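Beneath this line is the structure, given in structure tokens, with notes to follow.
Order as written gives the chain letters A, B, C, D, E and F; numbering starts at 1 within each chain.
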């Protein structure tokens, strides 16, 4: 299921939903840097830091099925 | 409704009608706070409470950022 | 205006010389207890108090908590008053000697005066001046006005989605901003945009008002321990990361006293010591009368009005000692004990009249005697709980005032505890298929 | 920065300061008044046999009980064993009221204390290049790759320690260290040998004044070698291996950077992990690298363990890798705490008691209390006359042993306040009324404290 | 100003002679308890010496006799140097940490580590940030007296960038570590902006020399070192309370390093005082740990109080003197107290009068002495405030016989409350039944 | 579909008259009980008044005498207006939180706030959508819609075109563009474009075009309790807690501030407070630690009326050891007002069995109904009400239409009433585990 949301019919409720339930600072901190940011950090004249210094997503501990639930038949069977 | 979720039902949204939430935010998070660097710098010289802060590898700004973010943003730091 | 069990209590009803007068301000009789509670109210207002204990004796049915609400409305809205029962001290997240200190820190009050300068109005331009400072013109329906912003409040405007002509609400002092909506002059720019189109405010742009407002020290303790509300976004998980009550150590309170005394010495805030009303103190066990005997000896502790109705009972948590009031005599010598005597039959009728003219239920004098008969012969809490159903049996049968017949019907529709015990024992004789299961 | 004080480096007097060992012969026969003890011959001989059992590595799950009344010397024998074994063999002195936790089951803190009691000694080597960087000078290759710019075959680093400097030729894939760690001229680094990726420690102290405000840590020059080929003995308890395999210390993600950021919680450890760690430690012993060293788990006050704990102790002592369990019980016929049914000896269940080598402990003679008083007095430094020694021995025989060892500190204070240097009879006769024992306190409590009234106690 | 007149406010130290240990009667608040105060003076003089580790001193006696008064006198007559810890026994029974660890932390708080050092800090108000985009830069800082221009090289320009320092801030640099700590803005730039932000707090300008060096004497406890080394950012745990069962290997490493600091002359160990108030609330599961924690070198001189007579021990079902097990009472030393003569009661009420600035006629003082002899101290001391307040209601300066009799008439002493309960048993809920008239 | 016949699916209200409060003997399901239903009618008419505190009415009586029946009648005779909350008194003993606070939340769940504010919505079939994404983006576009009456063209903002490709509005959908927020709830599909839908099921519902104007204002009425606002103002996004129970100890200053703002909402006329009903089923399962809190939560202005039901006679109180009537302490029995019920006369038993038979639609011969009344005289209502459902099925075994004596006498033969079960236990002692012994033949 998706998480329960609030049906409140103002614009502020939609803005607060898209700033809490999505909250792009944590998404940027979790997945990593934009390739434009990689280019401007790797063609510059001086070394500069990145706010996600590497991709902070943890490595999944199951190789064939990571972070989803969507499986498929197995050529084995 | 748009009264509770947006206007003045939330005790944190400092809209009109929720006249407390500006004052309470400022005078609990920045004036009367024991982690602001002004209220640390006066208590660092002996038996007092932030005696130890000189010896842990921090600074005043390290402690002040560490005492207002989440567990998330502190982990990104 | 809805009736509670203590709606008719307005104040203690004293003289100018501190002498109680009968049938005053809602009370009927009960002279010495109201005189003693008046002395208690004067002690709280005198500000020479760093922990005093007041116990209220007397059985159930007498007016113990009516005295406490009389004190709470005698102090006013200014001085804080925290009523907690004994059973609220038990938790599953903190120890029960820490919820006591949380109630003591909810008792003390800290009053701060502010002059909030609010800014309603439509944004006219968003002009970054330096290359930093960004001017904003706030157009009202009375006139626009320029405004120079700090480079940190602009990063709070910019997090909100304010673009061209959104009406906003800037706090000047606390720096708090809210986007109210899009102004109706730019309403039909497109035709199915999705905003909240609100009109331009037809007042000032710079409204200056002052607000007196209170803060309890427990709120200071919580706001200095853990980040609260504003930037605490990881709490939406819930399991381990929720704002669980944590063991606030003595070092944190010992520093918050330093900071609050600093802001009192600057003349910013004012200090007001409060009242902690712990009701039904027999539910407090001996692992808390040990801690109260220490925590009342601080130079910061508020006054504690304890209430207890029991006789010589067993102190909870230590089954091998009996004591008066359920209070250990280690602690009972601290307390100022006030008696609360029962009610004479000529002092119940006035309670019936006052409780009747509180609910609006008017009734003849031949029924006041019957309600007083049930008040003498059964109980006081029961006779006062027949004035409201009998009025329901009054306006249904084509009447306005309550006669003897409606109360004679309500005494059969609404049995008390005593006659129900008699039916439970005598009528419910055999324990079988159609009997009660003891 | 930190100012050093030139004061006297003394030590503090505890209750077991004077104990310095068992004081045996070369044949095991005890000798009275030696190394702190006075008398107590058979118990010291049996504890010497226990010490020999521990140092002989034949103990693999034994159990030793210390009976005897309170104030007779069980903890004294325990500290004597711990100081006799030394420091390089572990010793974990838990109590009975320390297994009760609120994060784990109480049959788990026992197993973690077993793992604290076992040590593992590992002998290895350490090969590092060390010191402050002077040059980072590349060298152009002989055959550059077509289609690229620079082609560098060997990168040169000049490392300068505090004793001698050295030029170093390296494989060019040190560059990914140097760009990621920001190593410059004047930064001490160490280069390992198994991988070869340098990690900066800090800016040196010689370059602490080229700028004025731009400051970080200014670590000094490594005052040692430039090519360490140094061997290391390393002692790790098996508790540390259990913790480091169960809860990993340093990770690179969000949730392990919340795990070390939130509070560390004791968690129960599954038995497959312990079985695997035992199976691999017993393999590295057979390779001849690591030495297993068993220690002592002195569970003091063993009558506080309830009947649910001895059941787990039977399993844990039947394990092939287990230390000795020196219990300490001072009760006679007692009710076991868990099952309130059986009145057993010592608080120990009769099933568990058969495993235990029961060592007795006898009361002290009325001419040995004065020798203990003399040793305790010359331990603290408090000197006193012989009639004072006889009076303290009188109080020791007639009242208690622990009470005559506590009339030495207020007597010394009143002595050097009154204006003397040694303690006489008058100071002890004055200090005996400022510090009552338990007996006269109970006499005042019963006689004067008649009943609960105004000026009375609360029964 | 967060300091109101409590019960323990007139006791400014122990009040004995420091030369020959003679407890003169009326000195520093305390009155007439000469033998117990002499014994507490001997205890205090072996505390400040600090050599003899881990004793245990029980203070028995009836209630309302002065067992916490002598403890607060010993707390006041040590100063801020030697620590002290007021822990009532019901604080130990927690739901996040067990009894053993929450009582170990009571021992770990009462031993201080004292270390003296030199703080090389730099206050200053920023005037002009000058960055040379060529790496180098120049910082201009001023105080109320001086003004200087310091060079900057590469990376603290980036620290300024990460801190967003504007012209007008109050920065502070710890040059032994090198990290910018922005303290806020100055009052000279409050006229500049109009709508301030949230984070900005205004401060005065720094005064004096820029480079401030000062010898400061830090004193931490071992509990501070234990909690800081618990987890990564664990320093806020000792303010919050978000810590639990700390492992024994951390405490072992910390005790080893404190011994190593004492060897190398960096640190000085100052043993202190643990005060376990109302020790009879501890169960046997706690005394079995106290009997071992008083054995190590790092153990404070424990002072404990008690009230109860021959009572049961909590956790078990057998009576014992003072509510303590006898294997623990063989280890402690006991200082008994005694009830008060009326000659001492009169001047104790006089001291409680002059503390609360309440004037008393001598007849009222004699009447209040008789009330204190017939009811106790805690009821007699609670009648000074009430008589003063009733005198304030009828507008009289000095309290009199009438006001004290009024206060005795209104409020009940605990001697008459028992007769009030036993007089009317049918209405108070005894154990089963209520009449309700 | 989720309307399976329960043990109380025949009660359609309290059944009493609302003009003279006369309990007419057979209406809306509740049949037979007269004096207790009149007292419940009086309590019900003083609930909807609102001008009374939280008081306490104790429905005491023997087992199976219609106590949950009267409570469910009062629940059905209020509608979805005044908040009725059931609370079996063993939901309080939790582990996520304490016990007194779990009781406080159940008090706060029954004080509604009813506020009424307007929205602007749009009905109508989409005629066509054109979106100018040409590399371009969501910049401009035209939306042509219609009702049966209206027809219109609108131009769209960027943050509306991003909601049109979000819901994938086709040419023929029946959408509801809430204008103030921008959400799109497709009410269905129009019938007239049934050819234009290929990626749908073979069985797919189709609506008609909406009738009336295309731009109208709705006066929706919301009603949320104080516990709702308490859980909302407790975390960052904390309303999920009241759907997952993960709320903990809510600090009391939040409840105090919300009790202040509700009064400030009432005095400004923006709101209205509706006191609800809290039904504490089986109140004898509370220890004295609960009663020492219910004695004071029934004191404030904001307290719902508590209705509660007790079976026990003179029994012990949990937590303590001393007995008391109804399992309740006497200082709490001073607060409550007791309604006593009575056992049922046999003709009332017969017509209650008649209502339970007509509810499940089971045909009965009058001889079988007489036998079933004779059984219910000796074994209670629950046994006979289960024999009805058993006897219908036993008649359906042998392919019959109406049940008879030959099926009630089989249901009475297989399924023992509890009196004969107690006799079976008393006459089979040595094999049933009493406390100690097991004998095997």
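Note that in this section contacts are C-beta pairs under 8 Å (C-beta built on N, C-alpha and C of every residue); 3 or more make two chains touch, one makes a residue touch a chain.
Counted as hops between touching chains, the shortest connection from chain A to chain E is 2. Taking the mean of C-alpha positions as each chain's centre, the chain lying farthest from the centre of chain F is D. Counting C-beta pairs in contact across B-D and across B-C gives the higher total for B-C. Annotation: 62 Å between the Cα-based centres of chain D and chain F.
Centroids of chain B and chain F (each the mean of its C-alpha atoms) stand 44 Å apart. Chain D has its Cα centroid 46 Å from the Cα centroid of chain A.
Separation between the centroids of chain B and chain E, computed from CA atoms only, is 26 Å.
Contacts with at least two other chains are made by residues 254, 261-262, 452, 458-459 of chain D. Shared interface positions of chain A, defined as residues touching 2 or more other chains, are 6, 8-13, 20, 26, 56. Counting partner chains per residue, chain E has residues 63, 95-96, 117, 177, 198-199, 233, 239, 242, 307, 311, 376, 429, 431, 434, 436 touching two or more of them.
Applying the touch definition to all chain combinations yields A-B, A-C, A-D, A-F, B-C, B-D, B-E, B-F, C-D, C-E, C-F, D-E, E-F. If you check the complex, the residues on chain C that touch chain D are 240, 321, 328-330.
Interface of chain D with chain A (complex): residues 179, 182, 251-256.
Within the complex formed with chain B, the residues of chain E that make contact are 80-81, 117, 119, 163, 172, 174, 177, 179-184, 198-199, 201, 203, 216-220, 224, 228, 233, 235-236, 239. By the touch criterion given at the top, residues 1-5, 8-12, 20 of chain B touch chain F in their complex. Chain E makes touch with chain F in their complex at residues 429, 431-434, 436.
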